[PDB]
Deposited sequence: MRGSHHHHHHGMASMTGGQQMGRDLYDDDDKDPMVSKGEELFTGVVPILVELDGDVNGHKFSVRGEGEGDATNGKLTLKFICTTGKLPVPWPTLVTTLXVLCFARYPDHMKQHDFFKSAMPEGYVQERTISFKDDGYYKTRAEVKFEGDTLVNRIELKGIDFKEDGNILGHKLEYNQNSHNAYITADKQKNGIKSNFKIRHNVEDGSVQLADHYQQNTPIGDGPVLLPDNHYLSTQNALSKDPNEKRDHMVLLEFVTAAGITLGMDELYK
């Protein structure tokens, strides 16, 4: 049986590297910070190292480490993400923006030395050049939301579909339909959860002494859904 949860008892350094290409607009992002799974807390600062980010920062939040969610003790059995550590899992998404293009993402989330690394490739396709995304018409925030997890038995992993309602500056909402799949890298044992959900809150800010295009992010992720019974 897996022990991987024992790697997340303290505060763990995080590194995030993303290479992106949306409608031929290429960019890279690097982020560094730390994760504290006992509180379900992530704090990171992201830099667009290629200059100007050509999509809004909120559209990348879900893409830029669910092994740091807080699973309550009566749910430790359903924590797929930590069970696959330190060898990691692959996280793959298709994010379809309604009436606009779609991202396709593939990430490896795994330990490299003492650091939890999230290394991502993103390709974006069929976007409108003066849409809400390439046009930079989204507000700089991310609503709190719940996303349901279900086990993916045939692939030895988990899967999840969920909506993100980005806020447009005119007051409308730009919907981002997420289809997600995770599968382990190593061949060790992994926990296949019962149906539950993750509850997420996000606070986006700016660093006063940072001249480059960037995002300061505080995020909390907490697992819920499994009924407390007779125990």
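K.L.:
Tell me, which runs of residues in the deposited sequence have no coordinates at all?
P.N.:
Going by the record, the segments left unmodelled (no C-alpha atoms) fall at 1 to 34, 99, 267 to 270.
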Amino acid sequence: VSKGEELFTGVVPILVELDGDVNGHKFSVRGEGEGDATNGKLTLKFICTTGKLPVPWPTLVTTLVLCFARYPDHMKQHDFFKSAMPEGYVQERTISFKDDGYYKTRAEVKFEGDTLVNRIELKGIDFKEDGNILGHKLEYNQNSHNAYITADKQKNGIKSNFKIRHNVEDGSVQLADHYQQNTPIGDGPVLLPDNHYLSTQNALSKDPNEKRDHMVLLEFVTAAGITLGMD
From here on, numbers count along this sequence of modelled residues.
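K.L.:
So 201 to 209 or 188 to 196, which one's hotter by mean CA B-factor in the entry?
P.N.:
Higher mean C-alpha B-factor in the PDB entry: 188 to 196.
K.L.:
Hey, which bit's got the bigger mean C-alpha B factor in the entry, 140 to 148 or 71 to 79?
P.N.:
Stretch with the greater average CA B-factor: 71 to 79.
K.L.:
From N132, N156, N118, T94, which pick has the Cα B-factor that tops the rest in the entry?
P.N.:
The record points to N156.
K.L.:
Compared with the other modelled residues in the chain, in which third is the CA B-factor of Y179?
P.N.:
According to the entry, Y179 has a C-alpha B-factor in the chain's highest third.
K.L.:
Tell me, lowest, middle or highest third: where does the Cα B factor of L122 rank within its chain?
P.N.:
For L122, the deposited C-alpha B-factor lands in the lowest third.
K.L.:
What third of the chain does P13 rank in for C-alpha temperature factor, lowest, middle or highest?
P.N.:
Middle third - that is where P13 ends up once the chain's C-alpha B-factors are sorted.
K.L.:
Going by what the PDB entry lists, where does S172 fall on CA B-factor within its chain: lowest, middle or highest third?
P.N.:
CA B-factor rank for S172: highest third.
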